Amino acid sequence: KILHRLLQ
Amino acid sequence: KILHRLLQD
Amino acid sequence: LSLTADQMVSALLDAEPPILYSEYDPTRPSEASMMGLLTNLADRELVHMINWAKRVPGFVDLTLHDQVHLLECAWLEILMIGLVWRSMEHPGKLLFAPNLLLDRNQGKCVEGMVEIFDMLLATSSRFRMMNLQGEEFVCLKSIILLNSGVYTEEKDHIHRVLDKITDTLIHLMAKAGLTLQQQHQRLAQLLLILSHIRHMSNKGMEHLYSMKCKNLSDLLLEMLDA
Amino acid sequence: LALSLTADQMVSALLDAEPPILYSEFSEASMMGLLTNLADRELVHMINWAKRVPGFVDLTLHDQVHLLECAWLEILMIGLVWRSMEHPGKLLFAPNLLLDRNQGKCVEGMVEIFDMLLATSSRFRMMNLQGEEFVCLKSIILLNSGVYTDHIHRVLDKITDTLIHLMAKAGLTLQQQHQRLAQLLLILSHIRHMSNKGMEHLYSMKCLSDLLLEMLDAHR
Ligand SMILES: O=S1C(c2ccc(O)cc2F)=CC=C1c1ccc(O)cc1F
Ligand SMILES: O=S1C(c2ccc(O)cc2F)=CC=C1c1ccc(O)cc1F
């Protein structure tokens with residue numbers, strides 16, 4: 001998930 | 001316009 | 001414009017629509033019938049809702065075009081918050097009618113209906129946790145009617161009435177022994193729920209318009225094409 | 001951690017966490033391209049802004065994702081509406097991209113959303129919303145919109161305290177504080193409405209960056 005990476 | 005009729009009644 | 005907060009509440013409570021019964025037959029099983037039960041029920045309530053709206057303070061002062069507009073926008077929201085309210089004392093269940101109590105498993109009988117069911121249940125659980133009062137409920141429901149379609153001279157009149165309902169809500173909370181901080185917080189919590197009710201309605205309109213193409217009463221079709 | 005903050009500490013935290021105003025790069029395809037490109041770049045900043053929102057970091061990774069997936073379009077819209085306050089009848093998507101309703105007719109079904117967005121801006125203009133109130137509303141959207149599908153509610157109560165505190169500084173009476181609070185929160189109901197209408201209109205256009213496609217398929 002792209003959203004997972006950006007949140008981390 | 002059923003809604004209009006019921007509102008006028 | 002001139003009514004005590006106590007006078008506002010008593011007027012709304014007296015204007016409350018009755019709880020209608022379904023044509024649900026326990027001898028019967030289907031997806032088509034179960035949908036037909038809800039839509040038929042959601043057709044007979046509308047007649048009562050229309051007459052209920054006329055008794056909402058400030059609604060009669062609006063033009064016919066404005067009355068039609070507010071109802072076309074908020075009719076499903078008003079139905080939903082009523083359902084949610086009736087289902088407060090029935091955890092994990094939706095009380096569409098005294099003879100029609102459904103859970104999320106029975107909502108699986110119709111495709112895509114389980115999502116709307118869970119949101120309605122969560123909303124009912126919210127009112128239960130907050131211990132929503134009937135006086136607060138009739139205020140919220142009248143707010144929905146006047147607010148949902150106000151943006152989409154008579155504008156600030158509605159806002160003035162809406163401001164009066166806000167004062168009424170605060171007046172109720174103050175009588176319950178809530179502090180000023182608690183009054184503001186509870187007022188905020190109740191109004192944030194309206195955002196969720198709007199969301200459920202929008203999804204409800206989608207699923208309902210989808211069913212129309214699949215192939216509902218004539219009055220319900222007027223609301224859909226609106 | 002965020003519950004120990006003061007009302008002024010909450011405001012200053014939100015203000016300093018504000019994302020930047022990005023710039024944009026005629027026809028329907030070109031106009032749709034500019035908006036979605038701008039929206040995608042803006043999403044990256046929104047995510048970093050979210051982590052700076054008091055209490056949001058205390059949430060699990062799964063819950064953070066859910067809240068963002070649910071409210072991302074709402075957050076974009078209220079930001080657009082906020083930027084367009086000093087431009088009546090116009091929507092300031094970017095400093096070099098100011099559009100009116102007739103330009104919204106370039107895309108089919110876009111004019112309806114344009115009218116609603118314009119109406120919200122004039123509403124904010126009529127009230128007239130303050131920046132301190134704006135950042136509170138936007139953070140409320142992030143935490144509330146997906147709270148259904150104890151901590152978040154306590155943080156929500158704190159933002160309410162902050163909103164009331166701000167209105168008390170402005171010299172508003174107790175009655176005016178209740179009413180203005182209610183007026184602001186009822187607007188969120190329509191921001192939700194615009195988002196849902198904009199959501200289905202965007203899904204039809206899809207049938208876009210992979211990030212946008214992740215956000216869209218989350219609501220599908
Ligand atoms: O009839 S419905 C309904 C309802 C009906 C009667 C009522 O009193 C309250 C309600 F909330 C909530 C969701 C309904 C629904 C019904 C059919 C459909 O395709 C989509 C829907 F959301
Ligand atoms: O991208 S959008 C948008 C927006 C974009 C970037 C931005 O920074 C702020 C925004 F509000 C408001 C409405 C949009 C929208 C965009 C595409 C579409 O098909 C439908 C829509 F409603």
Side-chain angles (χ1 to χ4, degrees), chain C residues 143 147 159 162-163 165-167 169-170 173-174 178-195, chain D residues 2-8 10-19 21 46 49-50 53-56 71 74-75 77-86 120-145 147 151-173 175-192:
Chain C
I143 286 180
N147 172 76
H159 288 79
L162 281 170
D163 288 325
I165 304 179
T166 299
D167 298 331
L169 279 170
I170 293 298
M173 298 172 184
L178 302 181
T179 66
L180 288 176
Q181 182 184 5
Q182 289 173 341
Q183 294 170 27
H184 304 158
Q185 288 179 359
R186 185 173 183 84
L187 177 68
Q189 294 165 4
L190 288 179
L191 296 181
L192 287 187
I193 298 172
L194 298 191
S195 170
Chain D
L3 299 180
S4 61
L5 302 179
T6 70
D8 294 316
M10 174 67 65
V11 171
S12 299
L14 294 177
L15 285 178
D16 190 89
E18 274 297 283
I21 304 181
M46 180 198 303
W49 158 86
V53 170
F56 188 84
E74 296 189 66
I75 297 173
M77 282 178 171
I78 192 180
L80 166 65
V81 167
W82 170 250
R83 292 196 304 268
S84 304
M85 267 193 56
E86 272 59 37
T120 307
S121 185
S122 69
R123 174 58 171 164
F124 278 178
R125 201 174 306 115
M126 166 169 65
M127 282 190 59
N128 47 317
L129 191 66
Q130 295 298 290
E132 294 79 8
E133 296 176 319
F134 161 70
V135 291
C136 287
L137 292 181
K138 189 168 62 172
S139 58
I140 285 178
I141 295 179
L142 175 64
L143 295 174
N144 173 76
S145 292
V147 73
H151 174 72
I152 301 182
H153 285 278
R154 281 194 291 264
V155 179
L156 281 176
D157 286 334
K158 185 164 185 57
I159 305 182
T160 301
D161 299 332
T162 302
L163 276 174
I164 290 295
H165 175 265
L166 291 167
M167 299 172 186
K169 299 183 61 179
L172 301 184
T173 64
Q175 178 172 120
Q176 287 179 333
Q177 288 172 34
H178 313 152
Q179 295 172 345
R180 182 171 180 85
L181 169 65
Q183 288 166 353
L184 289 182
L185 296 183
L186 286 183
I187 298 175
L188 299 187
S189 169
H190 299 256
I191 295 182
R192 179 81 78 119

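Numbered from 1 within each chain, the chains take letters A, B, ... in sequence-line order.
- Between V147(D) and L192(C), every side-chain heavy-atom pair lies at or beyond the 4.5 Å cut-off.
- A pairwise comparison of heavy atoms in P19(D) and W49(D) identifies CD-CD1, 3.8 Å as the closest pair.
- To the nearest 0.5 Å, atom OG of residue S4(D) and atom CE of residue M10(D) are 9.0 Å apart.
- Within the 4.5 Å cutoff, the side chain of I159(D) has heavy atoms near those of the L143(D) side chain.
- In this structure the side chain of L184(D) reaches within 4.5 angstrom of the side chain of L129(D), judged on heavy atoms.
- Note that CG of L80(D) is 14.0 Å distant from CD1 of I75(D), once rounded to the nearest 0.5 Å.
- Summarising the geometry, atom CD belonging to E133(D) is positioned 10.0 Å from atom CG belonging to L181(D); distances are rounded to the nearest 0.5 Å.
- Side-chain contact between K158(D) and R154(D) is absent, with no heavy atoms from C-beta onward closer than 4.5 Å.
- In this structure, the side chains of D167(C) and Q179(D) come closer than 4.5 Å at one or more pairs of heavy atoms.
- Within the 3.5 Å criterion, the main-chain N or O of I141(D) finds no donor-acceptor partner in the side chain of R192(D).
- Looking at every heavy atom in both residues, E74(D) comes nearest to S145(D) through OE2-OG, 2.8 Å.
- The shortest heavy-atom contact between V53(D) and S139(D) is CG1-CB, 4.1 Å.
- For the atom pair CG (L185(D)) and CG (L137(D)), the distance works out to 7.0 Å, reported to the nearest 0.5 Å.
- In this structure, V155(D) and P54(D) approach most closely via the heavy-atom pair CG1-O, 3.5 Å.
- With rounding to the nearest 0.5 Å, the separation of CD in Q176(D) from CG in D163(C) is 10.0 Å.
- At least one donor-acceptor pair closer than 3.5 Å links the side chain of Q177(D) to the backbone N or O of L172(D).
- Using a 4.5 Å heavy-atom cutoff, the side chains of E18(D) and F134(D) are in contact.
- The shortest distance between side-chain heavy atoms of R123(D) and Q183(D) falls below 4.5 Å.
- Atom CG of residue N144(D) and atom NE2 of residue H153(D) lie 8.0 Å apart, to the nearest 0.5 angstrom.
- Side-chain atoms of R180(D) come within 3.5 Å of backbone N or O of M127(D) as a donor-acceptor pair.
- Taking 4.5 Å as the limit, every side-chain heavy atom of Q130(D) sits out of range of all side-chain heavy atoms of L166(D).
- No donor-acceptor pair closer than 3.5 Å links the side chain of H178(D) to the backbone N or O of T166(C).
- For the pair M77(D) and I191(D), the tightest heavy-atom approach, listed with the atom from each and the gap, is SD-O, 4.4 Å.
- In terms of heavy-atom proximity, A2(D) sits nearest to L5(D) at O-CG, 3.4 Å.
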